[PDB]
Every structure is written in structure tokens, then in C-alpha cells.
There are 4 protein chains.
Amino acid sequence: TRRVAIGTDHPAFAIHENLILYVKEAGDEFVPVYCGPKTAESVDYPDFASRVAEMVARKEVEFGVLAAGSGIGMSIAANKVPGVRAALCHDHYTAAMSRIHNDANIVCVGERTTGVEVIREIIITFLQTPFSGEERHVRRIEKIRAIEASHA
Amino acid sequence: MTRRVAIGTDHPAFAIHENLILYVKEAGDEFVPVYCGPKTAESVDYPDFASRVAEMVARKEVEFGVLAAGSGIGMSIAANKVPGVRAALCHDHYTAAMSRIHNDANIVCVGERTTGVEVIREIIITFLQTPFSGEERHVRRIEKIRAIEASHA
Amino acid sequence: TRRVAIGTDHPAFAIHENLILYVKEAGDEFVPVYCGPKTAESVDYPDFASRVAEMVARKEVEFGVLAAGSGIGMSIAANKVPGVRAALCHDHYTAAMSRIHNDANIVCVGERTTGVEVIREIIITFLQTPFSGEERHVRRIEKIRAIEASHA
Amino acid sequence: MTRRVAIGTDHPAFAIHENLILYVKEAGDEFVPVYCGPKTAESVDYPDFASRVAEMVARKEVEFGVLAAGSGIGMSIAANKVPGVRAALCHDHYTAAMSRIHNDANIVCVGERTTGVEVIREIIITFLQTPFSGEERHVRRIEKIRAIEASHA
């Protein structure tokens, strides 16, 4: 079982059912855990970025998906949580690379910027693409951890 | 009264570091590029250069940062680990503008292997020229980002 | 008065009211003329590409906007009409360049690929950006006409 | 039984013409690149090279075409003026795949100034490897494109 926590802001609430489906489409082993808003009313993205990011950081779920207007705010807020590597992706290539290079554990998307079929492709690619495990990538990821440690 | 802009790259993006310096200058005479990336084409680790630029922004030695790498993903992750930094991975004009309007972003990240140089130019100029809205909800959300930082400090 | 004919396929019908608004947002002089489907039922994109493209080619309207799934089919079909220069755009830069370089008269977008706020930006930029009128661009546009003539 | 792929560029994209040849080869041993772009960096008009490649596709001398220029917009407009050509301006994996699945596209167009080289690589490989669906509605729509051509012939 590979659990995937999902969070959104208000505009992306309209596609939260989409996001749940797209996670399931990546494979039977992928289990969506919806942690976003329950209504379409205005919320603050950092509150939902934080909820999902903490779950990833505490090893409660393997992955996170954050969808908002542009995804920029989501990516900034999520990355403030130690242990999180949150990747704002806009296409298949970035989705794949975020995993291959960065062993990213959260994918961020913009509902106002990226069409839903490309969001679908991003989520499936993100979840299916394995980390390369190559020496230089492992070293660089360790250096990110070291930046975290220096500010804790 | 000019505005300083720190620039960092990884190894592949070093090939366009002169581009990045020019694009900052093209945003206006008030923008002063401060190049802090690799001086050669030798292999480097992006977090080292992300940290260098991010720390300069956080300490207020410069107003803005520009980070260019393969995808920009690693740069955005690493830079955001520094308290006070709001680093935005941008791929077009719209994201460049909205990073400023909504997030008051202080670092722009781009991917040299993903985004063509003329779009990188547009992103940098738009990022530097676009002011923060100052609207109530955006101020509140940015403060909530600061609160997340403090909880892990 | 600068008239702008609008056409869509079935999925993009959901945003046809958006497209009408975005044209108006470009300026008071821009007048949308909606020529797309009236319902959400399945249609064939070439039928609507052709309708809008013929209007542009016959100088009935100055510009066209075509929105579909990816915009690829729209761009291919519209360009089959002599006098049409249809540009599939995915961002501000392509929207602007299509006008500056190519004096494009139809903009094509994908509703499944490009978020609506970026579609808005594309349409406004397309309509507001003037053609450069530079020697080399005028020459290249004439060469496109010559390709048309050689197959007529 | 191999599949020929004609390649054309304008002047700026000439800098990556060797890239384009390699990327076609990377799609599989069955794909044979046929370079028909400029042999030098001298200034050229894109419609001349769009026409060259488009005519080769239309006459069935090759199966596919690849056109790379500044934005790719001019290439896509010019190539589509040739009867029998379905030229797709692509900016990512999704558009590359859907151009084949839905439109049975026979020419892929890219912008060197807009799209990074690794995404251009992905686009070319995806375009060549992805088969046409052959589904009833797509066949009908492609036939309607042919009908538009005939009405202006």
C-alpha cells in the first residue's frame, strides 16, 4: 500500500474528485487520502499545504498531491516542512524528473494554469516514476537535508 | 535606491549565466545583477548554489534571487528551506507575474533544460517588474508561511 | 470595431462564455461573434474550425479564436483555409510572438491542456499585440501565401 | 521496413540540428533521420524549409517530419498549407502524444526559443513512438480535414 495525501485550496476544490481518481489510476497499490477542504468556500493554501506536508514528513503517507491556483504557494509552504521535497510540475517531463532526480515526495499543480488532462498525466507520472538512486542525486538530496538541519 | 538581484546556477545552466545577467538588466536600470553562480563549467551540486543565493535574500543583502538549473525543481526545493525565502518555480509569464502578485516571491527559479531562453528572459523581466498586490488575503497567507517556518525553527 | 469570431468543440463548450468575456476584456473595440456549438453534445472540430477560418479569410471578421481539447486539430484544420494564419498558443510568449512575427489572425488553445486563466492571458495578449511590420516578417508571410497559391 | 523522418530548421534552430537527428534515432532503430534543414547558420526564411519537409511528407518520400524554429508557430502554419500534411505544434509530452492518437499527425513542430532541448527530445520520441488510435471519430475528423483541403484545391 502506497498512501497519497491530497490537499487543495478553494478553486481546486472543483477538481478534488478528479485528483482522487487520478491517484487510483496510477495503480491499485496507490491509495488516496483526501485531506482538502469539504466545501468551495475561501481557504488559505498554507493551512492545507501544512496538513499534507506534515503527513509526508512524519511518514504517515508516502506521497502528497497539492492543487491550487498556480501551485506556487503550495510548493513554497510545503517545502517549509523538514523532510518534504515538493515539486511544482507543469508537464510530464517535470513530473518524471522530480522523481528521477529529486526523489520528490509531494507534487504541486496549478488548476488555473494547467489543464486537467495534463494534471492527470502529471499525477500518474509522478507516482509511477521511481527515484534513480544514483550517487550524485542521493548526495544532492542529503545536501538539502543539511540546509534544513542548519536552520532547525 | 537600486534593487540588487543575486543570480545562481548549476553546471548546465552556466552556459546561459551571461543571458541571466543581461535579462536582469533588461528589466530596468534600477535592477543590479549580482552573479554568484559557478565561474566555470565544472560539475556542481545545485543545493550549494541555491543556499548561497537564498541566504543573501534572507539576510536582505539583495532584494531578489534568480536560480537556473536543469529543471529548476531542485533549486526551488533547496532555496525554500531557508527561512524568509519564497522561491517560485516559473515556466511562463503567468506564473512569473502571479508569484509576485499573490506570493510576494523573492526568488524566481527556472529550468534551462525545460524552458527556452526567450521564455526565461520573459519570466525574469516579468518577475522583477511585477509588484506585490498588498491585498489583505495575500498578506495573511504569506504570514501563515512564516508561521510554518517558526514552528520548525 | 474589431470583430473576433469564436468557435469550439464539445469539451470547450463549457468555457465558451469565458472566451466571449476574454475577448471583451481585450478592449471595447473588440467584438466577439460566437460561432461555436449551442450545446455540449459531441461535434467534429473541423466543422467549427472551417466556419471561423472562412470568416477570417473572407474578411468578415479580423480575428478568430478556436478552443478545443488540445487545439492541435483546430490549428491544422483552420490553416487549410487560404489566407488563415492560425497559431496554437500555450502561453503569453507564443500569443505575443504569433502576432509580432506571423501576423497571426486566428489563435488556437487547448481546454484540456491549458488552464483558463492562461487561456484568458493568451486571448488578451493575442488581440492587443500588434504585428511588427518588419521587412523579414512581411517577406516570410508572403512566402506562406506563395505556398497556398502553388496548391490552389 | 524502417520509417524515414525528414528534419528541417530555421537559422537559430540550426544550433540544435544535431540534437534533432539524435533524438529521432533515440526513438528507435526503425526511425531513420533525413536531414533537410540549412547546412549553415546563415539567415533563412522558415516557410522555405517548412515547404521542403512538408512536400516530402505529402509525396510519401518520408513518413514523418520534424520542424524546429524560434517558436514553431510559423513552421506549423506553413507546413499545414501543403495538402496531406497534418502538422502539430507541440510544447510537451501530452500534446506530442495526442497529436498522434487523435490527429494522426505526420509533422511535429517545436520552438527552440520556447521549449528546452530535453523537452524537445521527449516530444520527438513521444511523437514517433505513439501510434494513431484508428478510432471511428478520429478517422471521420481527419477525413473532414481532407475535405477542407479539397474545397480549396
# chains A, B, ... in the order shown; residues from 1 in each chain; ligands from 1
>>> residues_around(residues="residue B:104", least_positions_apart="3", cutoff="10 Å", atoms="only C-alpha atoms", output="ChimeraX atom specification")
/A:73 /B:86-88,97-101,107,127,130-134,138-139,142
>>> interface_residues(of="chain D", to="chain C", cutoff="9 Å", atoms="only C-alpha atoms", output="ChimeraX atom specification")
/D:45-48,51,71,73-74,76-83,85-91,94-95,98-99,102-103,114,137-138,140-142,144-146,148-149,152-153
>>> atom_distance(atom1="atom CA of residue C:34", atom2="atom CA of residue C:99")
21.8 Å
>>> calpha_fit_and_write(fixed="chain D", moving="chain B", output="JSON list (two decimals) with C-alpha atoms, in the first residue's frame")
[["chain", "number", "residue", "atom", "x", "y", "z"],
["B", 1, "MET", "CA", 10.73, -1.55, -43.38],
["B", 2, "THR", "CA", 12.30, 1.37, -41.47],
["B", 3, "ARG", "CA", 10.46, 4.70, -41.13],
["B", 4, "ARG", "CA", 12.00, 7.86, -42.64],
["B", 5, "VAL", "CA", 11.80, 11.16, -40.73],
["B", 6, "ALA", "CA", 12.61, 14.44, -42.54],
["B", 7, "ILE", "CA", 14.09, 17.23, -40.39],
["B", 8, "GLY", "CA", 14.10, 20.98, -41.15],
["B", 9, "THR", "CA", 15.02, 24.11, -39.18],
["B", 10, "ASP", "CA", 15.35, 27.88, -39.45],
["B", 11, "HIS", "CA", 18.58, 29.72, -38.54],
["B", 12, "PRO", "CA", 18.50, 29.76, -34.69],
["B", 13, "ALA", "CA", 17.35, 26.12, -34.50],
["B", 14, "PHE", "CA", 20.29, 25.10, -36.72],
["B", 15, "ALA", "CA", 22.33, 25.14, -33.48],
["B", 16, "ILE", "CA", 20.36, 22.07, -32.36],
["B", 17, "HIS", "CA", 20.03, 20.21, -35.69],
["B", 18, "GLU", "CA", 22.47, 17.51, -34.49],
["B", 19, "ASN", "CA", 20.26, 17.18, -31.38],
["B", 20, "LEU", "CA", 17.19, 16.63, -33.57],
["B", 21, "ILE", "CA", 18.95, 13.91, -35.60],
["B", 22, "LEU", "CA", 19.99, 12.12, -32.40],
["B", 23, "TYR", "CA", 16.51, 12.36, -30.84],
["B", 24, "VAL", "CA", 14.90, 10.73, -33.90],
["B", 25, "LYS", "CA", 17.45, 7.90, -33.60],
["B", 26, "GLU", "CA", 16.66, 7.62, -29.86],
["B", 27, "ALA", "CA", 13.00, 6.88, -30.71],
["B", 28, "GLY", "CA", 14.14, 3.52, -32.09],
["B", 29, "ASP", "CA", 16.36, 1.77, -34.63],
["B", 30, "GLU", "CA", 13.40, 1.74, -37.05],
["B", 31, "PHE", "CA", 13.44, 5.55, -37.35],
["B", 32, "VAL", "CA", 15.83, 6.97, -39.93],
["B", 33, "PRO", "CA", 16.53, 10.72, -39.82],
["B", 34, "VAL", "CA", 16.79, 12.54, -43.15],
["B", 35, "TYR", "CA", 18.26, 15.99, -42.53],
["B", 36, "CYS", "CA", 16.88, 18.64, -44.92],
["B", 37, "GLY", "CA", 17.48, 21.84, -42.95],
["B", 38, "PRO", "CA", 20.07, 24.57, -43.54],
["B", 39, "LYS", "CA", 23.68, 23.36, -43.73],
["B", 40, "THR", "CA", 24.97, 26.59, -42.16],
["B", 41, "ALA", "CA", 24.00, 29.25, -39.59],
["B", 42, "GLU", "CA", 23.15, 31.82, -42.29],
["B", 43, "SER", "CA", 19.76, 33.58, -42.14],
["B", 44, "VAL", "CA", 16.87, 31.73, -43.81],
["B", 45, "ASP", "CA", 13.09, 32.05, -44.18],
["B", 46, "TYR", "CA", 11.18, 29.31, -42.31],
["B", 47, "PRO", "CA", 8.47, 28.82, -44.99],
["B", 48, "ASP", "CA", 11.15, 27.56, -47.42],
["B", 49, "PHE", "CA", 12.19, 24.78, -45.05],
["B", 50, "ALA", "CA", 8.65, 24.04, -43.86],
["B", 51, "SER", "CA", 7.67, 23.57, -47.53],
["B", 52, "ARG", "CA", 10.65, 21.30, -48.26],
["B", 53, "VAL", "CA", 9.81, 18.91, -45.41],
["B", 54, "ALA", "CA", 6.04, 19.17, -45.88],
["B", 55, "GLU", "CA", 6.29, 18.27, -49.58],
["B", 56, "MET", "CA", 8.40, 15.20, -48.72],
["B", 57, "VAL", "CA", 5.70, 14.04, -46.27],
["B", 58, "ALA", "CA", 2.86, 14.79, -48.73],
["B", 59, "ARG", "CA", 4.59, 12.87, -51.54],
["B", 60, "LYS", "CA", 5.26, 9.98, -49.11],
["B", 61, "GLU", "CA", 9.03, 10.10, -49.62],
["B", 62, "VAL", "CA", 9.18, 10.03, -45.81],
["B", 63, "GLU", "CA", 6.63, 9.00, -43.16],
["B", 64, "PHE", "CA", 7.20, 11.84, -40.67],
["B", 65, "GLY", "CA", 8.57, 15.36, -40.48],
["B", 66, "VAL", "CA", 10.26, 17.34, -37.68],
["B", 67, "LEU", "CA", 10.37, 21.15, -37.90],
["B", 68, "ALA", "CA", 12.18, 23.31, -35.36],
["B", 69, "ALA", "CA", 12.30, 27.11, -35.34],
["B", 70, "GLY", "CA", 12.08, 30.07, -32.94],
["B", 71, "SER", "CA", 8.53, 29.48, -31.73],
["B", 72, "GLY", "CA", 7.39, 26.72, -34.11],
["B", 73, "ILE", "CA", 4.29, 28.79, -34.96],
["B", 74, "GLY", "CA", 5.45, 29.84, -38.44],
["B", 75, "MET", "CA", 6.57, 26.27, -39.20],
["B", 76, "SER", "CA", 3.16, 24.85, -38.25],
["B", 77, "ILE", "CA", 1.28, 27.45, -40.33],
["B", 78, "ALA", "CA", 3.48, 27.00, -43.43],
["B", 79, "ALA", "CA", 3.64, 23.18, -43.29],
["B", 80, "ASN", "CA", -0.16, 22.89, -42.97],
["B", 81, "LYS", "CA", -0.57, 24.78, -46.27],
["B", 82, "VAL", "CA", 0.58, 21.61, -48.05],
["B", 83, "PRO", "CA", -2.25, 19.16, -48.83],
["B", 84, "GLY", "CA", -1.86, 15.85, -46.99],
["B", 85, "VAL", "CA", 0.12, 17.39, -44.11],
["B", 86, "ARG", "CA", -1.12, 17.39, -40.53],
["B", 87, "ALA", "CA", 1.47, 19.48, -38.67],
["B", 88, "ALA", "CA", 1.25, 19.70, -34.88],
["B", 89, "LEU", "CA", 2.91, 22.45, -32.83],
["B", 90, "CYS", "CA", 3.77, 20.64, -29.60],
["B", 91, "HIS", "CA", 5.12, 22.01, -26.32],
["B", 92, "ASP", "CA", 5.06, 18.90, -24.08],
["B", 93, "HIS", "CA", 4.63, 15.11, -23.85],
["B", 94, "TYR", "CA", 0.83, 15.35, -23.73],
["B", 95, "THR", "CA", 0.46, 17.37, -26.94],
["B", 96, "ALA", "CA", 3.05, 15.15, -28.68],
["B", 97, "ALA", "CA", 1.07, 12.00, -27.80],
["B", 98, "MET", "CA", -2.38, 13.45, -28.54],
["B", 99, "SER", "CA", -1.27, 14.79, -31.95],
["B", 100, "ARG", "CA", -0.70, 11.16, -32.94],
["B", 101, "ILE", "CA", -3.56, 9.48, -31.04],
["B", 102, "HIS", "CA", -6.26, 11.95, -32.16],
["B", 103, "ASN", "CA", -4.93, 13.68, -35.29],
["B", 104, "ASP", "CA", -2.61, 11.04, -36.82],
["B", 105, "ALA", "CA", -0.21, 13.96, -37.16],
["B", 106, "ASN", "CA", 2.63, 13.45, -39.63],
["B", 107, "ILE", "CA", 4.77, 16.52, -38.79],
["B", 108, "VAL", "CA", 5.83, 17.69, -35.32],
["B", 109, "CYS", "CA", 6.76, 21.37, -34.86],
["B", 110, "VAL", "CA", 8.73, 22.78, -31.92],
["B", 111, "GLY", "CA", 10.13, 26.15, -30.80],
["B", 112, "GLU", "CA", 13.83, 26.30, -29.88],
["B", 113, "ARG", "CA", 13.38, 29.69, -28.17],
["B", 114, "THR", "CA", 10.35, 28.49, -26.16],
["B", 115, "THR", "CA", 10.95, 24.81, -25.31],
["B", 116, "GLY", "CA", 14.06, 23.42, -23.61],
["B", 117, "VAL", "CA", 16.05, 20.78, -25.51],
["B", 118, "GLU", "CA", 15.22, 17.89, -23.16],
["B", 119, "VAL", "CA", 11.51, 18.58, -23.63],
["B", 120, "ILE", "CA", 12.09, 18.82, -27.41],
["B", 121, "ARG", "CA", 13.74, 15.37, -27.12],
["B", 122, "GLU", "CA", 10.74, 13.99, -25.20],
["B", 123, "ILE", "CA", 8.33, 15.50, -27.75],
["B", 124, "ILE", "CA", 10.12, 13.92, -30.72],
["B", 125, "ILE", "CA", 10.42, 10.46, -29.14],
["B", 126, "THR", "CA", 6.79, 10.50, -27.96],
["B", 127, "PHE", "CA", 5.57, 11.70, -31.37],
["B", 128, "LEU", "CA", 7.37, 8.92, -33.24],
["B", 129, "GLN", "CA", 6.56, 6.11, -30.78],
["B", 130, "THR", "CA", 2.87, 6.88, -30.20],
["B", 131, "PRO", "CA", 0.51, 5.12, -32.62],
["B", 132, "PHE", "CA", -2.68, 6.55, -34.12],
["B", 133, "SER", "CA", -5.78, 5.24, -32.30],
["B", 134, "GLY", "CA", -7.68, 4.38, -35.52],
["B", 135, "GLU", "CA", -10.93, 5.12, -33.66],
["B", 136, "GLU", "CA", -14.06, 5.90, -35.70],
["B", 137, "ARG", "CA", -14.49, 9.56, -34.65],
["B", 138, "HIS", "CA", -10.82, 10.43, -35.26],
["B", 139, "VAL", "CA", -10.86, 8.86, -38.74],
["B", 140, "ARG", "CA", -14.01, 10.88, -39.54],
["B", 141, "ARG", "CA", -12.47, 14.17, -38.37],
["B", 142, "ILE", "CA", -9.25, 13.58, -40.30],
["B", 143, "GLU", "CA", -11.37, 12.93, -43.42],
["B", 144, "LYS", "CA", -13.14, 16.26, -42.78],
["B", 145, "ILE", "CA", -9.72, 17.99, -42.78],
["B", 146, "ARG", "CA", -9.05, 16.37, -46.19],
["B", 147, "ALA", "CA", -12.44, 17.68, -47.39],
["B", 148, "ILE", "CA", -11.47, 21.24, -46.40],
["B", 149, "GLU", "CA", -8.28, 20.85, -48.49],
["B", 150, "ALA", "CA", -10.27, 19.61, -51.50],
["B", 151, "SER", "CA", -12.72, 22.53, -51.34],
["B", 152, "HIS", "CA", -9.81, 24.96, -51.86],
["B", 153, "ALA", "CA", -7.85, 22.85, -54.38]]
>>> select_by_dssp(residues="stretch 79-128 of chain A", states="strand (DSSP E or B)", output="JSON, numbers by chain")
{"A": [86, 87, 88, 106, 107, 108, 109, 110, 114]}
>>> write_last_selection(atoms="N, CA, C and O atoms", output="mmCIF file, in the first residue's frame")
data_model
loop_
_atom_site.group_PDB
_atom_site.id
_atom_site.type_symbol
_atom_site.label_atom_id
_atom_site.label_comp_id
_atom_site.auth_asym_id
_atom_site.auth_seq_id
_atom_site.Cartn_x
_atom_site.Cartn_y
_atom_site.Cartn_z
ATOM 1 N N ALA A 86 8.918 19.130 -2.254
ATOM 2 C CA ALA A 86 7.711 19.425 -3.024
ATOM 3 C C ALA A 86 8.036 20.051 -4.374
ATOM 4 O O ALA A 86 8.723 21.072 -4.448
ATOM 5 N N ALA A 87 7.516 19.436 -5.430
ATOM 6 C CA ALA A 87 7.844 19.803 -6.800
ATOM 7 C C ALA A 87 6.647 20.403 -7.521
ATOM 8 O O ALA A 87 5.649 19.714 -7.746
ATOM 9 N N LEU A 88 6.745 21.681 -7.890
ATOM 10 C CA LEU A 88 5.736 22.303 -8.738
ATOM 11 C C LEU A 88 5.969 21.830 -10.165
ATOM 12 O O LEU A 88 7.007 22.130 -10.764
ATOM 13 N N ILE A 106 6.190 15.238 -2.752
ATOM 14 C CA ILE A 106 4.941 15.969 -2.974
ATOM 15 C C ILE A 106 4.951 16.590 -4.368
ATOM 16 O O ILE A 106 5.947 17.200 -4.773
ATOM 17 N N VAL A 107 3.852 16.416 -5.100
ATOM 18 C CA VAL A 107 3.659 17.080 -6.385
ATOM 19 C C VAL A 107 2.645 18.217 -6.233
ATOM 20 O O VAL A 107 1.593 18.045 -5.628
ATOM 21 N N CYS A 108 2.998 19.387 -6.760
ATOM 22 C CA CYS A 108 2.148 20.568 -6.729
ATOM 23 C C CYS A 108 1.735 20.940 -8.143
ATOM 24 O O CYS A 108 2.560 20.910 -9.064
ATOM 25 N N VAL A 109 0.463 21.285 -8.314
ATOM 26 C CA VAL A 109 -0.059 21.698 -9.613
ATOM 27 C C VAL A 109 -0.953 22.931 -9.498
ATOM 28 O O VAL A 109 -1.539 23.200 -8.436
ATOM 29 N N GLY A 110 -1.061 23.670 -10.598
ATOM 30 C CA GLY A 110 -1.951 24.823 -10.671
ATOM 31 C C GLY A 110 -3.180 24.547 -11.507
ATOM 32 O O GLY A 110 -3.077 24.267 -12.700
ATOM 33 N N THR A 114 -2.810 24.825 -15.522
ATOM 34 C CA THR A 114 -2.600 23.538 -16.180
ATOM 35 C C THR A 114 -3.936 22.838 -16.378
ATOM 36 O O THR A 114 -4.718 22.708 -15.434
#
>>> closest_residue(among="A:111, A:121, A:134, A:29", to="chain C", atoms="only C-alpha atoms")
A:111
>>> select_by_dssp(residues="stretch 34-149 of chain A", states="alpha helix (DSSP H)", output="ChimeraX atom specification")
/A:45-57,72-79,92-100,116-128,135-149
>>> write_last_selection(atoms="C-alpha atoms", output="CSV table (one decimal), in the first residue's frame")
chain,number,residue,atom,x,y,z
A,45,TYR,CA,-3.4,27.5,1.0
A,46,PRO,CA,-0.7,27.3,3.6
A,47,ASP,CA,-3.1,25.6,6.0
A,48,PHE,CA,-3.7,22.7,3.6
A,49,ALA,CA,-0.1,22.6,2.3
A,50,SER,CA,1.0,22.2,6.0
A,51,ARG,CA,-1.5,19.4,6.7
A,52,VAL,CA,-0.3,17.3,3.8
A,53,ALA,CA,3.4,18.2,4.2
A,54,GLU,CA,3.3,17.1,7.9
A,55,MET,CA,1.8,13.8,6.9
A,56,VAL,CA,4.6,13.2,4.4
A,57,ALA,CA,7.3,14.3,6.9
A,72,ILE,CA,3.4,28.3,-6.4
A,73,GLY,CA,2.1,29.0,-2.9
A,74,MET,CA,1.6,25.3,-2.3
A,75,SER,CA,5.1,24.5,-3.3
A,76,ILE,CA,6.6,27.3,-1.1
A,77,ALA,CA,4.6,26.4,2.0
A,78,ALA,CA,5.0,22.6,1.7
A,79,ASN,CA,8.8,22.9,1.4
A,92,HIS,CA,5.1,15.1,-17.9
A,93,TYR,CA,8.8,15.9,-18.0
A,94,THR,CA,8.9,17.9,-14.8
A,95,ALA,CA,6.7,15.2,-13.1
A,96,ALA,CA,9.2,12.5,-14.1
A,97,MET,CA,12.3,14.4,-13.3
A,98,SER,CA,11.1,15.4,-9.9
A,99,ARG,CA,11.1,11.7,-9.0
A,100,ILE,CA,14.2,10.6,-11.0
A,116,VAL,CA,-7.0,18.7,-16.1
A,117,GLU,CA,-5.7,16.1,-18.6
A,118,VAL,CA,-2.2,17.4,-18.1
A,119,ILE,CA,-2.8,17.4,-14.3
A,120,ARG,CA,-3.9,13.7,-14.7
A,121,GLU,CA,-0.7,12.9,-16.6
A,122,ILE,CA,1.5,14.7,-14.0
A,123,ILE,CA,0.0,12.8,-11.1
A,124,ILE,CA,0.2,9.3,-12.7
A,125,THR,CA,3.8,10.0,-13.9
A,126,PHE,CA,4.8,11.3,-10.5
A,127,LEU,CA,3.5,8.2,-8.7
A,128,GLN,CA,4.8,5.7,-11.2
A,135,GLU,CA,25.1,8.6,-6.4
A,136,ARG,CA,25.0,12.3,-7.3
A,137,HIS,CA,21.2,12.6,-6.7
A,138,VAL,CA,21.5,10.9,-3.3
A,139,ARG,CA,24.3,13.3,-2.4
A,140,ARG,CA,22.3,16.4,-3.5
A,141,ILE,CA,19.2,15.3,-1.6
A,142,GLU,CA,21.4,14.9,1.5
A,143,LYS,CA,22.7,18.4,1.0
A,144,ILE,CA,19.0,19.6,1.1
A,145,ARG,CA,18.6,17.9,4.4
A,146,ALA,CA,21.8,19.6,5.6
A,147,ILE,CA,20.3,23.0,4.8
A,148,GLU,CA,17.2,22.1,6.9
A,149,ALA,CA,19.4,21.0,9.8
>>> atom_distance(atom1="atom CA of residue A:14", atom2="atom CA of residue C:11")
16.4 Å
>>> atom_distance(atom1="atom CA of residue A:130", atom2="atom CA of residue A:105")
11.0 Å
>>> residues_around(residues="residue C:7", least_positions_apart="2", cutoff="6 Å", atoms="only C-alpha atoms", output="list in words")
residues 35, 36, 48 and 66 of chain C
>>> residues_around(residues="stretch 59-61 of chain A", least_positions_apart="3", cutoff="8 Å", atoms="only C-alpha atoms", output="list in words")
residues 2, 3, 4, 5, 55, 56 and 64 of chain A
